[PDB]
Protein chains: 6
Amino acid sequence: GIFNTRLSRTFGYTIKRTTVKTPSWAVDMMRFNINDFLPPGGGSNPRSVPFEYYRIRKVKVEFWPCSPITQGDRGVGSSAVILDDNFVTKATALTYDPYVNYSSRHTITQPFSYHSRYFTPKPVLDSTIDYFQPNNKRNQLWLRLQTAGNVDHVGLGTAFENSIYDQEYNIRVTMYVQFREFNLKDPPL
Amino acid sequence: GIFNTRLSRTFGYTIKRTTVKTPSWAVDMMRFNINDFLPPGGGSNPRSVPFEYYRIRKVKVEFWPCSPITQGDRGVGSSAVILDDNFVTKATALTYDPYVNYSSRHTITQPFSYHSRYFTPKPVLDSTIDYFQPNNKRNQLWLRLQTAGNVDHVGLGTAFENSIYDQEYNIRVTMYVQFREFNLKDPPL
Amino acid sequence: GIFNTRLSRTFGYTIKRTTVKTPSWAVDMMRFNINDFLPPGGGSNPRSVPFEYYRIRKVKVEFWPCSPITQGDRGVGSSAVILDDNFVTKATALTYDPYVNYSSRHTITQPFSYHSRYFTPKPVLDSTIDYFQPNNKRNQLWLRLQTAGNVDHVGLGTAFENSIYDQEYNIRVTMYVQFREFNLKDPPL
Amino acid sequence: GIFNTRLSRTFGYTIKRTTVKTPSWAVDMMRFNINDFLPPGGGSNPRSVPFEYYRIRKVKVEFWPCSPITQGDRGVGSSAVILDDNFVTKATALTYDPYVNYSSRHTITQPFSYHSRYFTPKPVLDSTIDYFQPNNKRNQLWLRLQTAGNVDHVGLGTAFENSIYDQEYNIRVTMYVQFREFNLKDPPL
Amino acid sequence: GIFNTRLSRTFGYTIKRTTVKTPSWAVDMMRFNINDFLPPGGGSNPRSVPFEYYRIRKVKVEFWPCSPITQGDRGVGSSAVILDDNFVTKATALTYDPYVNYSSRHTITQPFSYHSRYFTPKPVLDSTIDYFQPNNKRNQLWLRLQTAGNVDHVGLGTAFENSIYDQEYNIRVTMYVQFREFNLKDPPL
Amino acid sequence: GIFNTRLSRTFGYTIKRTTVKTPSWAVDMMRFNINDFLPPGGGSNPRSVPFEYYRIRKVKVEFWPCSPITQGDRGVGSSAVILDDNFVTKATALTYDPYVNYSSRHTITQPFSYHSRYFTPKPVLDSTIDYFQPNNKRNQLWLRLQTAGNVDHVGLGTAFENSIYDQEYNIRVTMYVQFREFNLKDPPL
Ligand SMILES: O=C(O)[C@@H]1O[C@@H](O[C@H]2[C@H](O)[C@@H](NS(=O)(=O)O)[C@@H](O)O[C@@H]2COS(=O)(=O)O)[C@H](OS(=O)(=O)O)[C@@H](O)[C@@H]1O[C@H]1O[C@H](COS(=O)(=O)O)[C@@H](O[C@@H]2O[C@@H](C(=O)O)[C@@H](O[C@H]3O[C@H](COS(=O)(=O)O)[C@@H](O)[C@H](O)[C@H]3NS(=O)(=O)O)[C@H](O)[C@H]2OS(=O)(=O)O)[C@H](O)[C@H]1NS(=O)(=O)O
């Protein structure tokens, strides 16, 4: 019983100002979990979408700027796809862009420019070995939609060039999911 | 955002015994409401299936017998489709089968025989005028999936021939519904 | 060195009687392990089928009734396929059929009727995450035929409607397996 | 329930030196029994390979030398197929080669050379009359896989020229058999 | 960013002499890890090949002899492919060749003969369950190239026939690997 | 063993303000060396990319502005390709644009506009004679990837029109290189 749908979530991210003169970059990570998109249900149905299995097909991360088009001290960054839960260490002012030479690098124009990334994440099945599957719609694993313990999906790391002014963003993540085995429970009343 | 699915519900019906010698029939009615198939949800989602609109396409009423194949004093009844909320009055021992000459009559062999009826019900929009639409999949009205006040659908009346022994049935109603406008709400936690 | 064969096993299951008047259902689970079908061998060959690897292709669960065709208080249940080791909790008299709205539900006529289910099970590789593969004969994983510690395969849950009389069944499970790498050891004597 | 496969075994054979000056040969036969290749099983299953029947298709005898290539006093011998269990008498130093003129003769270089024979053996049904069937894959008989009383098959005899030095070989046998009637037995535990 | 290359490594293996008269075999195992082929890098690049992911496609194990062609007491052994990290126990003088009846057995002529094996290994993801994938170039898992903790690949076990003389070998393992996601880091200087 | 890849590097360039009223231009040069893109390696591998030879195919110089789009006193400059290590002399306020009549001149809109140049540089083999090859992918010379003494490539000179305000730029040079003869060294540990 397949049901392809779309789930979204919005949150903020700010790159604080720095008095440093050099071009330094601010590094951070981004994971994706389905608990943040799918709330708990009620009653005999533990989740709000009554299905048993799921598998995330795609994610769309949108960096919607919060800064005016008149803001100066512009910069240039990079967003890369990291499917293994080993990101570059979080840094406030690093002397280089680590994600620049990555094959999945897209340039981030800053601060007042929109940046989208559309990709297929991978689940963290074993963080010790960090193995994942290649892209195959027919062979992608089905995970279970747990009650409160779903596994973290992974796949984006960023590097933003710091500035004299604060750079704020409203980040909207949209997960395109595919469920299976409609499992609604209908007790009497 | 269409989603065709199937919702079921099971309940009992008994035709009590009678010392009456004549062939008399027991008349009863059967309505269909979506509250009995779709429970209330939890949180910002008032219902368990997160959709706004619905329209019932078909219903399958199944009279599953509870009586052995050795039971005697067998009989013959009738099930008809009544799309207007004006049934023959409920009777315990009526001297005739009212639903026998109906164009939608199917014979009910009793007591140990299975009886199915598959039809398209109609909603009770105005009980004073009792108007309904003909069968058209493209023009069928969309109703709203209310929180606790959905409208009764209608479409089956029965007449069972009484017997010296009690005739029990387990009635399984299956509604084939079609929803629209996925409206999940995802607050933070 | 492929060898497709067929292994069987027979055991009993009883749904005890209940004085409860309502229609209640008895829920239970069913796992499959190869130790119950393949005994230990003798000598340098730890198992009786001299192969290294295996993978279960299909299972046929047959509910052979033990009850006469004259038994009354008949009922209606459901059997569903559960490939993840999270079954509905075992219950004696539950007020509803949980497996009724499952996409893999087959109706169980009770008590004197035969019920078969033919499906492809999945192994329990990680019970915490509960991941499994879709059906693909060419890509199905090969497991090792361990000596005394093989992994449990999963895939059936049932719901039987209770009755005044005891409902007994003789359940015959047949696993269609596929072995690899003939590994017979022939020491002197 | 057919199952073609391959079984093997290894043992040693030596040809002690002789002070005789004339060209003399040493004679010896070779039988083939399955009990040497197939150990006993365990439990209800008397044999490790669970089938009832078998019938040998082919045998591959391999004379692997143990000697160096620098060894002198080279010689020459013969092998032949004998399907009756009435061989030439075993001899140490015979003045001629009995197996030379047989139609199934293949020459044997000595001492450091590889030699192989690939043929269809035959069983010993009646040692008095010593009869068998011509080669036919469809009309070959099916024998029973006994517990500790399988029959001896036959089909090779040899003749090796003696020397001043000891000639040692490692003999590997390989059987190509074909079983039938999978007969596994699964008692409880 | 795919880069198929070839990595090699050379080491020794000796089968010590034995006064035992019988034909006995020496059993040993062989695993493959990428730390032994890929050294640690320097600086911000933890490894010498600047890539993130890898997957081993093939391995070529070459037994290059160290013994002269005049060496006697020759023998015959077996090499088999064991993709699950459960080898036959290491033995000095075992009374039989365990790997002889394996479907992946290749004969090892000893002592002065070259033996190659070319196969696709499998990683040890769970040693408790010992599951692996079949051969599929498109679906083979990508592992992470860890810094100092890579997972052991597996796939060869041997059985060498003992001798009066020591049998030495220089074993050259060549792994054909496939990397992904070039991740060079270029800080200033 | 060819491996085409891409190496990047980012640095700053500022055109300081001038009180001069006339239109004057600021002249500067730009060379390219592989030491600034490829760091030193570690151990027996002197460089981080384990190859022997290289040849630079293309370079992409990107002038990413640092100035707001509201900045006035705009100007117009020129970027030319100079493949011989004899640039126009560096000047702070020159009374004309020297690179304007060059056949390889591209106009630089200033200050808030992006300027890219994509070309094939040439190495400085003899600065006395200053000879170089025409563009030919098949005949381009292979240089050696030295340890700390690589030769400077050349090919861009600029002329920026001065302004009352400071004009800052973040210059990102990307070299598209082609290596040869994978030369990894793997000592023991
Ligand atoms: O010994 C000979 O007579 C002679 O042997 C060979 O010549 C060599 C000399 O023997 C050797 N000296 S020795 O020390 O005596 O060995 C040296 O002198 O060199 C010579 C030159 O030959 S060589 O260069 O080849 O060595 C030669 O035979 S051969 O070498 O095998 O070719 C022959 O010249 C001759 O042997 C033949 O005759 C004997 C004696 O019988 S007779 O000739 O008929 O009188 C044959 O013996 C047969 O087989 C045995 C047996 O298999 O045991 C007997 O069979 C019966 O018993 C079995 C059961 O066994 S038991 O439980 O009784 O032990 C029953 O199941 C059978 O049914 C019985 N036979 S039946 O009912 O009559 O059919 C019996 O003695 C005899 O039976 S029969 O003849 O088969 O019927 C011998 O096989 C035969 N040689 S063969 O080539 O045919 O094998």
# chains A, B, ... in the order shown; residues from 1 in each chain; ligands from 1
>>> interface_residues(of="chain B", to="chain C", cutoff="8 Å", atoms="only C-alpha atoms", output="list in words")
residues 6, 7, 8, 65, 66, 67, 68, 69 and 70 of chain B
>>> write_last_selection(atoms="N, CA and C atoms", output="CSV table (one decimal), in the first residue's frame")
chain,number,residue,atom,x,y,z
B,6,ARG,N,-9.7,1.6,1.8
B,6,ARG,CA,-10.8,0.7,2.1
B,6,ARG,C,-10.8,0.6,3.7
B,7,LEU,N,-12.0,0.8,4.2
B,7,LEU,CA,-12.2,0.8,5.6
B,7,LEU,C,-13.3,-0.1,6.0
B,8,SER,N,-13.1,-0.9,7.0
B,8,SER,CA,-14.0,-2.0,7.4
B,8,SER,C,-14.5,-1.8,8.9
B,65,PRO,N,-22.7,-15.8,8.2
B,65,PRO,CA,-23.6,-16.5,9.1
B,65,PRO,C,-22.8,-17.0,10.3
B,66,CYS,N,-23.6,-17.2,11.4
B,66,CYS,CA,-23.1,-17.8,12.6
B,66,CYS,C,-23.7,-19.1,13.0
B,67,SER,N,-24.6,-19.6,12.1
B,67,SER,CA,-25.4,-20.8,12.3
B,67,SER,C,-24.9,-22.0,11.6
B,68,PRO,N,-25.0,-23.2,12.1
B,68,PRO,CA,-24.5,-24.4,11.5
B,68,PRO,C,-25.3,-24.7,10.2
B,69,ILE,N,-24.6,-25.5,9.4
B,69,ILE,CA,-25.3,-26.0,8.1
B,69,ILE,C,-26.3,-27.0,8.4
B,70,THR,N,-26.5,-27.5,9.6
B,70,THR,CA,-27.5,-28.5,10.0
B,70,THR,C,-28.7,-27.9,10.5
>>> select_by_dssp(residues="region 139-183 of chain F", states="strand (DSSP E or B)", output="VMD selection string")
chain F and resid 143 to 144 153 to 161 167 to 182
>>> atom_distance(atom1="CA of residue 157 (chain E)", atom2="CA of residue 185 (chain C)")
15.2 Å
>>> atom_distance(atom1="atom 81 (O, counted along the ligand's line) of ligand 1", atom2="CA of residue 95 (chain D)")
23.8 Å
>>> atom_distance(atom1="CA of residue 116 (chain B)", atom2="CA of residue 152 (chain B)")
20.9 Å
>>> residues_around(residues="residue 84 (chain C)", least_positions_apart="5", cutoff="10 Å", atoms="only C-alpha atoms", output="ChimeraX atom specification")
/A:52-53,143-144 /C:121-132,153-156
>>> residues_around(residues="residue 165 (chain A)", least_positions_apart="4", cutoff="8 Å", atoms="only C-alpha atoms", output="CSV table (one decimal) with N, CA and C atoms, in the first residue's frame")
chain,number,residue,atom,x,y,z
A,16,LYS,N,27.1,34.1,13.0
A,16,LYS,CA,27.4,35.3,13.8
A,16,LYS,C,28.6,36.0,13.2
A,17,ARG,N,28.6,37.3,13.5
A,17,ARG,CA,29.7,38.2,13.0
A,17,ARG,C,31.0,37.9,13.7
A,18,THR,N,32.1,38.3,13.0
A,18,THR,CA,33.4,38.2,13.5
A,18,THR,C,34.3,39.4,13.1
A,73,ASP,N,29.8,43.2,2.5
A,73,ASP,CA,30.7,42.2,3.0
A,73,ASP,C,30.3,40.8,2.5
>>> residues_around(residues="residue 187 (chain E)", least_positions_apart="3", cutoff="10 Å", atoms="only C-alpha atoms", output="list in words")
residues 94, 95, 96, 97 and 98 of chain A; 43, 44 and 184 of chain E; 9, 36, 37, 38 and 39 of chain F
